[PDB]
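Have a look at the structure below, then the notes.
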Amino acid sequence: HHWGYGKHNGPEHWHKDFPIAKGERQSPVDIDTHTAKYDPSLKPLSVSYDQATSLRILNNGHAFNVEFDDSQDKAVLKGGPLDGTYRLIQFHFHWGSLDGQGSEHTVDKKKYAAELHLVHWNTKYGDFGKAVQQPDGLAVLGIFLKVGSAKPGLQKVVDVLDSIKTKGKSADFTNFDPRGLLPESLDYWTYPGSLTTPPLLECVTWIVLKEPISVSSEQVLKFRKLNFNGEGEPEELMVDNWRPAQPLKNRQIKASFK
Ligand SMILES: [Zn+2]
């Protein structure tokens with residue numbers, strides 16, 4: 001009986017195996033835009049993805065992860081709220097069964113159709129596994145998706161999904177450029193939080209961009225053809241793989257912009 005997103009194993013049950021689910025800095029949260037104070041001390045955010053090297057894409061039974069070779073100093077996030085440098089290891093999405101839901105963070109309670117998470121580890125800790133033992137081990141860049149015009153840079157992801165339909169399937173996925181997934185503006189909100197799937201560890205400086213990207217209805221429909229089940233098991237469509245907003249517990253959300 002493993003964790004998932006269903007009635008008997010979903011977010012409301014996670015705390016039994018992962019008591020930190022009720023911790024002091026859980027994610028996602030609702031971003032109340034009126035009360036996220038502008039912080040002029042935030043230096044500009046630096047997203048440097050030139051020469052990033054993707055390796056593989058994996059259906060892990062919850063979402064799909066595009067994994068990067070993080071053995072060298074390339075694909076880094078720095079500046080903004082961050083001290084030091086954080087190295088990209090993977091990205092993935094959360095999405096809905098319907099366009100009206102799917103994101104994890106919300107903006108004045110608004111849910112977007114999906115949300116992209118680019119996961120990075122603080123290089124001072126040597127690798128991801130040691131970084132997740134630290135309260136400043138991770139930085140996740142979150143990007144909202146709305147349904148409208150297609151995002152051309154997403155298409156190469158969409159087109160490999162048929163080859164990883166079910167849990168445990170993976171495929172070679174080299175030379176994918178995540179710069180094609182980024183909106184124009186780097187204006188953001190930031191706050192201290194956690195991973196949003198088990199083990200829910202409280203390592204993350206969250207950086208959530210204000211500007212969504214647009215993807216087409218057809219692109220998100222192909223996300224919704226993935227399966228949570230493994231091959232040869234009854235088909236359960238991979239949809240609504242988002243955790244709802246969690247209590248803020250007096251954390252402050254800061255805005256990079258006026
Ligand atoms: Zn995520």
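All values below were derived from every heavy atom in this structure, side-chain atoms included, with hydrogens, water molecules and symmetry-related copies excluded. All residue numbers in this chain count up from 1 along the given sequence.
Under the side-chain contact (heavy atoms from CB on, under 4.5 Å) criterion, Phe257 pairs with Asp187, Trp189, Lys210, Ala255, sequence neighbours left out. Partners of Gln246 under the side chain to side chain donor-acceptor pair (under 3.5 Å) rule, at least two apart in sequence or in another chain, do not exist in this structure. Taking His15 as the reference, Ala21, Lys22 meet the side-chain contact (heavy atoms from CB on, under 4.5 Å) condition, with sequence neighbours excluded. For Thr123, the side chain to side chain donor-acceptor pair (under 3.5 Å) partners at least two apart in sequence or on another chain are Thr85. Every residue meeting the side chain to side chain donor-acceptor pair (under 3.5 Å) condition with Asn229, not counting sequence neighbours, appears here in chain and number order: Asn227. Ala113 meets the side-chain contact (heavy atoms from CB on, under 4.5 Å) test with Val147; sequence neighbours excluded. Among residues two or more places apart in sequence or in another chain, the side-chain contact (heavy atoms from CB on, under 4.5 Å) test is passed with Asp50 by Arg179.
Among residues at least two apart or in separate chains, ring-ring contact (aromatic ring centres under 6.0 Å, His included) pairs with a member in residues 139-175 are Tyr112-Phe144, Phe173-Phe176. Listed by first and then second residue, the salt bridge (charged side-chain N to carboxylate O under 4.0 Å, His left out) pairs involving residues 88-112 are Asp99-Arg224 (not counting sequence neighbours). Sorted by first and then second residue, the salt bridge (charged side-chain N to carboxylate O under 4.0 Å, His left out) pairs involving residues 68-80 (not counting sequence neighbours) form an empty list. Residue pairs satisfying the salt bridge (charged side-chain N to carboxylate O under 4.0 Å, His left out) criterion with at least one member in residues 249-258, sequence neighbours excluded, are listed as follows: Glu24-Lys249.
Between the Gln134 side chain and the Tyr125 main chain, no donor and acceptor come within less than 3.5 Å of each other. No donor-acceptor pair under 3.5 Å is formed between the side chain of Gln101 and the backbone N or O of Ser97. Within the 3.5 Å criterion, the main-chain N or O of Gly230 finds a donor-acceptor partner in the side chain of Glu233.
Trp242 and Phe18 fall into different hydrophobic clusters, where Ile, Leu, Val, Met, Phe, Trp and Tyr residues are linked whenever their side-chain heavy atoms come under 4.5 Å apart, directly or through other members.
How far CE of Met238 is from CG of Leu226: 5.5 Å, rounded to the nearest 0.5 Å.
Just one residue in the list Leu45, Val140, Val119 forms a side-chain contact (heavy atoms from CB on, under 4.5 Å) with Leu77, and that residue is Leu45. Applying the side-chain contact (heavy atoms from CB on, under 4.5 Å) test between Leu138 and each of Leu201, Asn122, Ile89, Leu195 identifies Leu195 as the sole match. For the side-chain contact (heavy atoms from CB on, under 4.5 Å) criterion with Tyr86, the lone passing option out of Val76, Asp136, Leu118 is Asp136.
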Worksheet item: Which is it for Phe223 and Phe93 under the side-chain contact (heavy atoms from CB on, under 4.5 Å) test, yes or no, and what are the steps along the way?
Response: CA-CA 9 Å; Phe223 283 20; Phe93 301 80; 3.8 Å; yes
Worksheet item: ring pair (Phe, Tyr, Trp, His ring centres under 6.0 Å) between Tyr5 and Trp14: does it pass, once the steps are laid out?
Response: CA-CA 10 Å; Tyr5 292 93; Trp14 293 351; 5.6 Å; yes
Discussion item. Run the salt bridge (charged side-chain N to carboxylate O under 4.0 Å, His left out) test on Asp177 and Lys156 for me, step by step, so that the C-alpha distance in whole Å, both residues' side-chain angles and the decisive distance to 0.1 Å come before the verdict.
Written reply: CA-CA 10 Å; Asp177 192 333; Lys156 296 136 291 312; over 6 Å; no
Practice prompt. Apply the test side-chain contact (heavy atoms from CB on, under 4.5 Å) to residues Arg56 and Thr174: give CA-CA distance (whole Å), side-chain angles for both, the deciding distance (0.1 Å), then the verdict.
Written response: CA-CA 7 Å; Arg56 193 177 73 140; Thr174 52; over 6 Å; no
Discussion item. I'd like to know whether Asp32 forms a side-chain contact (heavy atoms from CB on, under 4.5 Å) with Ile253, so could you lay out the CA-CA distance, the side-chain angles of the two residues, the decisive distance to 0.1 Å, and finally the verdict.
Written reply: CA-CA 8 Å; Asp32 177 329; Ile253 308 182; over 6 Å; no
Worksheet item: Given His1 and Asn9, is the side-chain contact (heavy atoms from CB on, under 4.5 Å) satisfied, shown in steps?
Response: CA-CA 8 Å; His1 185 93; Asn9 68 358; 3.7 Å; yes
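Proximity of the aromatic rings of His120 and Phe91 is defined here by a centroid distance below 6.0 angstrom, and this criterion is not met. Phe128 and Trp121 have their aromatic ring centers separated by at least 6.0 angstrom.
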Report all side-chain donor-acceptor pairs from residues 211-220 shorter than 3.5 Å, counting only partners two or more places apart or in another chain.
from   : atom 1 : to     : atom 2 : distance (Å)
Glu211 : OE1    : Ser185 : N      : 2.9
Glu211 : OE2    : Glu184 : N      : 2.9
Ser216 : OG     : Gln219 : N      : 3.1
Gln219 : OE1    : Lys151 : N      : 3.0
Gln219 : OE1    : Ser216 : N      : 3.0
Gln219 : NE2    : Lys151 : O      : 3.0
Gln219 : NE2    : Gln155 : OE1    : 3.0

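You'll find the side chain of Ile20 reaches within 4.5 Å of the side chain of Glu202, heavy atoms only. Proximity of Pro81 to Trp206: side-chain heavy atoms (C-beta onward) are nowhere separated by under 4.5 Å.
The pair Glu235-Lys165 meets the salt-bridge criterion, since a charged nitrogen lies less than 4.0 angstrom from a carboxylate oxygen.
Defined by atom type and a distance below 3.5 Å, a donor-acceptor pair is missing between the side-chain atoms of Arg87 and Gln72. Side chains of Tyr191 and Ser27: a donor on one and an acceptor on the other come within 3.5 Å.
Below 30°, between 30° and 60°, or above 60°: for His92 and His117 the angle between ring planes is above 60°, a perpendicular geometry.
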